[PDB]
Structure formats: C-alpha cells, structure tokens
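Just the one chain here, the form deposited in one PDB entry, laid out as structure tokens.
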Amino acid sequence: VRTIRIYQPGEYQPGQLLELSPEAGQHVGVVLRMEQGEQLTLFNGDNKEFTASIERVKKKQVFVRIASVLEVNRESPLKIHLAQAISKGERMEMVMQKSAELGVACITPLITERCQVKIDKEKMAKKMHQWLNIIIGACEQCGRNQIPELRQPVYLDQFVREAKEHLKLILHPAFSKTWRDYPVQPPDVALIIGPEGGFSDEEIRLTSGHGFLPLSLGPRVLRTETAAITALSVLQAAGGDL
C-alpha cells in the first residue's frame, strides 16, 4: 500500500522527537486524520526519506518520533531551469505541478513584453506562496525528495544576462530546429517558454545575443502549459532520466 509522504524541512535525525510544522501537522492530523502509532515518510528536501511514527496528535499539533533515514534520490541528472512566462489566463498552477513531476530543477516566473499580467506586489507574493505549495504537493505525490527552487519573478533581460547553464534554449520557431540539433545532456539546461503571444523582434535579438538557441516542438500550436509539459518531457527523454 502507498505510504504517506510529507515534506518537513529541518535537520532532525533518527532517535529524535519532532514537532511537525503547522502545514505538515494540518496535513497529517486534520486532513488525513492520522493517529498515534501510524507511519509517515518525512522528507526534508535533502534527498533523504525519514521513517517516522506518530507519537501524539492534537489537531494541527503533531509530534513524531524519527525512526530511521534513507538516502533516496529521484532527481534527474539533467537540471532544467525553466523560465516560464507569466501571463493572464495561462495556467501557471498546472505548470508548477507538472514541471515538478517532470523533474524540473529550478523555476523562474518570467515577465516578457507580450505577457498580460498586471503587476501587484501583494498579489504576486500570494501567487508565489500558492505556487510553492503546489510544487511541494507535487513532490509529495511523485516521490521527489528535493524541492525545485522557485525563484522570484524576473524580466526577460535579467534572466538572459544572468543565465549560466551550459546549454540555453528558448521555445521559438526560428530555423525549425529540433531536439535533433542539440546535444541535450547534463549538467543543466536553461529553457525559456514565452507567452501565447510570443516574443518581440527586440527580445529575440536579446535572447540570441546571450546564447539562447531556438527549439521547435512540432507543427501544432501548443498551449503555454502544454508546451511546458512537452518541452520538459522531450528534454528529460533526450538527456535526462526518461
């Protein structure tokens, strides 16, 4: 039967009593209605799985005893840094969930010329929190024991100037280049996915001038969220662990 996986950051060790975070204790004690003696698999984000037993439960307050730890790595050797354009109507929540399932290593929300997002500092902080919770849930579900880094949103110019990945790709139709044209292999790859409206000529000159090379994915127009799934699948199959 399926074990219960719970993300719980910290430096706890076998033998210790641990009080779960309010988020973990809400999940375990309130949502799942778990009781004394039941087993959990905690992971702290460092590719470790901790087997733990529930010692005491009071609503969201859950204390557990750490029994043992095992190194368990389900990360791809190809570390993909996805820069995903934020635009109104495009399903960023799906990208966050599925990119985590597909092993993405780092996610940067991206603001480009043709994105339609209206900037609000308070709205963005709430979205960033919701997206991080979605990523965490996806890691609980899919078995990843490291959480992808979710970086603060940046504009395209900052992203391309600062990218240090060894291969740098952008979903774009120029020259009809495919996976056959690239050596996709570890250590890493940066991937820019733009909004439905694409990139301006000036943005294309900027990305090309910083070493981003275009990647097409077939003759059919993919929704922004489908493009993320498809691009990560293709990259992981080509040079990662699919």
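One rule holds for the numbers: they count along the sequence shown, beginning at 1. Just so we're on the same page, rigid core means the largest C-alpha set that superposes within 1.5 Å between forms.
Beyond what is shown, the protein has a form deposited in another entry; the following relates to that form.
Residue among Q97, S76, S87, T108 whose Cα moves 2 Å or more between this form and the one not shown, once the rigid core is superposed: It is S87; the other listed residues stay below 2 Å.
After fitting the core, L17 CA displacement of 2 Å or more between this form and the one not shown: Yes, shifts by 2 Å or more.
Outcome for the Cα pair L171, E90 in the other form, compared with this form (closer or farther; change of 3 Å or more): It is farther: the C-alpha separation of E90 and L171 rises by at least 3 Å in the other form.
Direction of the Cα shift between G137 and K88 in the other form, where the change is 3 Å or more: Result: closer.
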